[PDB]
Every structure is written in structure tokens, then in C-alpha cells.
Amino acid sequence: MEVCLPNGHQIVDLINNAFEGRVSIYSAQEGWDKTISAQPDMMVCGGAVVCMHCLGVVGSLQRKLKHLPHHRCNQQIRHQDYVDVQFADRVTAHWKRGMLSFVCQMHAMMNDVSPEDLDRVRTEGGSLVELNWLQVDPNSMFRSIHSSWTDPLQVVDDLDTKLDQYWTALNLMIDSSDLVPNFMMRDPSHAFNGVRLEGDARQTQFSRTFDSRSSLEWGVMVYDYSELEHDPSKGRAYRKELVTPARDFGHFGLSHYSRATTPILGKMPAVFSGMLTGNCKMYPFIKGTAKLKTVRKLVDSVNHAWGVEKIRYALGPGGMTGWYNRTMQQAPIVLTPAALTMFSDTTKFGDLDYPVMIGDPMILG
């Protein structure tokens, strides 16, 4: 009945949690889930909870909804105004699922090595794995221009821990047998430009944000590793010093940076948390400046839908107006989970080495 609005510091970490693809929702048919729905009924704001038909703070974390209550709500709300969220959320789900299954297959192919050809690599080196890029989940929409968020999702469980241990085995085999695989990045802070932008790959785009403008189907671009075959000039012996990433990545048991791949999916690569983190957490590297303007519409809507001083006292100086102003002002600084700031600071072989253009799954030494 009497209903109000939450803190803003609620909302910035709200943006955090959401853009993690992580928000809890209730369904008029599937109840409390986040798998498949045409209608997000009421939505979580941290420990708090807001009925998204009054957009009013209604619930807490010690509370737990069991069924729709009754209280005066505006009924001036339209799901159209925020589809973008759940859209991107399904994008997150699918994208990460793809990461998961792809590394399943990768590690699988790895676990087949014999001591014979292993000691060949010891003796000569060479690439060892042979997978086509035409077997990477066209069931997904990043690999099919006609799969969609609009589609249901077969659920997954404990993606986290499984990612941890798959990746664990990965770094295990690499820092042990000391490979030079498909993947290594010193500072990915210059992938889209900073690599040799060659061939039709130029049709790759980077908005650093999902958009109805684009489905995200694209190939997967690799570097020029073929030349150590081409030239007899930079192979195993040469590589027995430098191109091995761990020289700069240092130890793996000892860690103070992240680890990442060549650019693969979401039109991107992703980073991974260090061993001294207790986790090797994958993360799509993004920027938040657009995550700013999402609520650009929300502002005016409520500015109507709410009053002068209720709000001027509900949110900080400038109410929602100066709220957005100042928060915009602070965002890229303040909207930066220092996860984002876990790169390396060492490079002696440079990343101005090769172009990148779509390759297929392959790993060498």
C-alpha cells in the first residue's frame, strides 16, 4: 500500500549481479526460476526485493515470496521497458554454457595423449589436436543465426566447480608438460586493434554490449602460428625459451595476474582468476559505460511515476537526475570490479607478433 524505492548503492551492485547474468526472478508459471520465461514478475534488488508492477520495494532476504500479495500498484508498468535485461541474461547463460561444453571437449581430446607422442613433443614438438570449427554447438545461437534467447534452455548444474576443475587440469598439463597451446595473452587490452587486422575478419564488431542490432554468430580467430612450420627459424628450440607463456605468466602455483585466451566467443576471449584466488574464474572482459544508459528510460518513467521529495530523499543529490549525472561521472572508475584489473604487467616477446583470423581447434608446443 504504502510503497517506496531503494538505495542507489543497491542499484550499482544490482548492475554488477545482473551483468553477471545473475538475477533471481519469479514466474507466474515456473515460479522462482531464471531458466525460461516470457514474464519477469517481480525482481530482486540485493537482499531487497521489488514488485515490478509497482516498482516498489516490497521484500527482504529474511523474507521469501510464496505467492503474489495485494497492495496498491500503479499498473503503469510495461515489460517492454526492460526486456533487454533478460535478453542479455539468456545471452549470458548460452554463452557460458558454450564455454563449458567447449572446454569439456578440449580437455577430453587432451586426455588421450600417449607417452609415445608426448615424448615426441619432448623430442620434436608439434601440434597434437585436430578439431574442426564446424562442431562447436550450432545448437547455440553464437553458432547459429536462428537460435535465440527466445528459445528455452536445457538447465545446467554446478557449472562453476566443473569449470574450475576442467581449467585446473588444463593449467596442470600446461605448466607440467610446458606447452605452447592455442591460448595465451599478455595484455588483451588491445585485441580488436593491436592485432594484425587482416582478411574478411574485419567484419567482426565490438560494442562491448549485447544488442538486437546483432546476433553474435561468428567464427573463431587464431594467430599466425603456422610460420614456425613455414620458417625453420622460430620452433621448439627457439620456443624452448620464450613463446612459452608461463615465462611471463610465471609459476602457476604462484599467481598474481589473470589468464586468458585468444579471442573466441561473444566475439571475444575471456580471462581467468589466479591460483592464489582459490579459483580460476572465467570472466568475459567488458566495460560498463553502456550499462549506465540502461536506466536512462527508467529515470523519466519514475520521475513521472514518483514525486519530488520522496525521491530527492530516496536517492542522493540531484535525485534521480543528479543521481544519474554523478553516477555517470563516477562509473567507469566505480563500476570496475577489480577482477577487471587482474591483468599482467610483463611482456618481452610482445603481442605485435601475428594477425588473427578464424582458425579451428588446435594446440601445439
# chains A, B, ... in the order shown; residues from 1 in each chain; ligands from 1
$ select_by_dssp --residues "stretch 200-294 of chain A" --states "alpha helix (DSSP H)" --output "JSON, numbers by chain"
{"A": [227, 228, 229, 230, 236, 237, 238, 239, 246, 247, 248, 249, 289, 290, 291, 292, 293]}
$ write_last_selection --atoms "N, CA and C atoms" --output "compact mmCIF listing (two decimals), in the first residue's frame"
# COMPACT_ATOMS: atom_id res chain seq x y z
N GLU A 227 53.89 -20.28 -39.01
CA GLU A 227 55.16 -19.89 -39.61
C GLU A 227 56.34 -20.67 -39.04
N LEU A 228 56.24 -21.12 -37.79
CA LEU A 228 57.30 -21.98 -37.25
C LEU A 228 57.37 -23.27 -38.04
N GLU A 229 56.25 -23.69 -38.62
CA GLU A 229 56.31 -24.65 -39.71
C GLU A 229 56.92 -24.01 -40.94
N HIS A 230 56.44 -22.82 -41.32
CA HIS A 230 56.94 -22.15 -42.52
C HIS A 230 58.43 -21.87 -42.41
N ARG A 236 60.76 -25.28 -31.83
CA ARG A 236 60.89 -25.87 -30.49
C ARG A 236 62.06 -25.28 -29.72
N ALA A 237 63.28 -25.44 -30.25
CA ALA A 237 64.46 -24.94 -29.56
C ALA A 237 64.33 -23.45 -29.26
N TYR A 238 64.09 -22.64 -30.29
CA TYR A 238 63.78 -21.23 -30.08
C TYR A 238 62.65 -21.10 -29.07
N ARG A 239 61.56 -21.81 -29.30
CA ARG A 239 60.42 -21.75 -28.40
C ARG A 239 60.76 -22.29 -27.02
N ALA A 246 54.25 -19.12 -19.87
CA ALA A 246 54.48 -19.11 -18.43
C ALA A 246 55.76 -18.38 -18.04
N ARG A 247 56.66 -18.11 -18.98
CA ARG A 247 57.80 -17.27 -18.66
C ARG A 247 57.33 -15.95 -18.06
N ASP A 248 56.41 -15.28 -18.75
CA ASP A 248 55.77 -14.08 -18.22
C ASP A 248 54.67 -14.41 -17.23
N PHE A 249 53.87 -15.44 -17.50
CA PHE A 249 52.86 -15.89 -16.56
C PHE A 249 53.48 -16.45 -15.29
N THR A 289 30.13 1.52 -19.41
CA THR A 289 29.59 2.82 -19.78
C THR A 289 28.21 2.69 -20.41
N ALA A 290 27.96 1.61 -21.13
CA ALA A 290 26.62 1.39 -21.67
C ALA A 290 25.66 0.94 -20.59
N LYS A 291 26.12 0.05 -19.71
CA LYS A 291 25.33 -0.35 -18.55
C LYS A 291 24.82 0.86 -17.79
N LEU A 292 25.49 2.00 -17.96
CA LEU A 292 24.93 3.26 -17.49
C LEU A 292 23.56 3.52 -18.09
N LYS A 293 23.49 3.67 -19.41
CA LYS A 293 22.31 4.25 -20.05
C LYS A 293 21.11 3.33 -20.08
$ residues_around --residues "stretch 91-106 of chain A" --least-positions-apart "2" --cutoff "7 Å" --atoms "only C-alpha atoms" --output "ChimeraX atom specification"
/A:21,87-89,108-110,140,149,163,266
$ residues_around --residues "residue A:75" --least-positions-apart "3" --cutoff "12 Å" --atoms "only C-alpha atoms" --output "list in words"
residues 51, 52, 53, 54, 55, 56, 71, 72, 78, 79 and 305 of chain A
$ atom_distance --atom1 "atom CA of residue A:113" --atom2 "atom CA of residue A:167"
17.3 Å
$ closest_residue --among "A:46, A:319, A:365, A:6" --to "residue A:300" --atoms "only C-alpha atoms"
A:319
$ residues_around --residues "residue A:121" --least-positions-apart "3" --cutoff "10 Å" --atoms "only C-alpha atoms" --output "ChimeraX atom specification"
/A:115-118,124-128,177,179,236,364-365
$ residues_around --residues "stretch 330-343 of chain A" --least-positions-apart "2" --cutoff "8 Å" --atoms "only C-alpha atoms" --output "ChimeraX atom specification"
/A:12,16,186-187,256-259,273,285,287-289,292,326-328,345
$ atom_distance --atom1 "atom CA of residue A:112" --atom2 "atom CA of residue A:173"
12.3 Å
$ closest_residue --among "A:214, A:74, A:150, A:165" --to "residue A:301" --atoms "only C-alpha atoms"
A:74
$ closest_residue --among "A:23, A:263, A:40, A:302" --to "residue A:190" --atoms "only C-alpha atoms"
A:263
$ closest_residue --among "A:211, A:221, A:189, A:49" --to "residue A:286" --atoms "only C-alpha atoms"
A:189
$ residues_around --residues "residue A:68" --least-positions-apart "2" --cutoff "10 Å" --atoms "only C-alpha atoms" --output "compact mmCIF listing (two decimals) with N, CA, C and O atoms, in the first residue's frame"
# COMPACT_ATOMS: atom_id res chain seq x y z
N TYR A 26 10.81 -14.45 -10.36
CA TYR A 26 9.64 -15.28 -10.15
C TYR A 26 8.88 -15.42 -11.45
O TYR A 26 8.88 -14.51 -12.29
N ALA A 28 5.06 -16.60 -13.18
CA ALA A 28 3.64 -16.86 -13.00
C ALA A 28 3.29 -18.31 -13.31
O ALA A 28 2.20 -18.77 -12.95
N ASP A 41 8.25 -11.47 -13.18
CA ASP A 41 7.15 -10.91 -12.40
C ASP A 41 7.62 -9.82 -11.45
O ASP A 41 7.29 -8.64 -11.63
N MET A 42 8.40 -10.19 -10.44
CA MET A 42 8.99 -9.25 -9.51
C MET A 42 10.48 -9.55 -9.47
O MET A 42 10.90 -10.67 -9.76
N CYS A 51 8.47 -5.36 -6.17
CA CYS A 51 7.36 -5.75 -7.02
C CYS A 51 7.42 -4.91 -8.29
O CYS A 51 7.26 -3.69 -8.24
N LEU A 65 9.21 -14.90 -0.99
CA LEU A 65 7.90 -14.88 -1.61
C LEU A 65 7.39 -16.29 -1.83
O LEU A 65 8.15 -17.21 -2.16
N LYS A 66 6.09 -16.46 -1.64
CA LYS A 66 5.44 -17.74 -1.88
C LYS A 66 4.30 -17.55 -2.86
O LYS A 66 3.92 -18.49 -3.56
N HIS A 70 -1.24 -8.56 -2.20
CA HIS A 70 -2.10 -7.49 -2.70
C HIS A 70 -1.69 -6.17 -2.06
O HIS A 70 -1.75 -6.03 -0.83
N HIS A 71 -1.33 -5.20 -2.89
CA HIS A 71 -1.03 -3.84 -2.44
C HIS A 71 -1.18 -2.91 -3.63
O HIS A 71 -0.91 -3.30 -4.76
$ select_by_dssp --residues "stretch 1-247 of chain A" --states "strand (DSSP E)" --output "number ranges by chain"
A: 25-27, 31-33, 43-45, 48-51, 56-59, 196-197, 221-223
$ residues_around --residues "residue A:57" --least-positions-apart "2" --cutoff "6 Å" --atoms "only C-alpha atoms" --output "ChimeraX atom specification"
/A:4-5,49-50
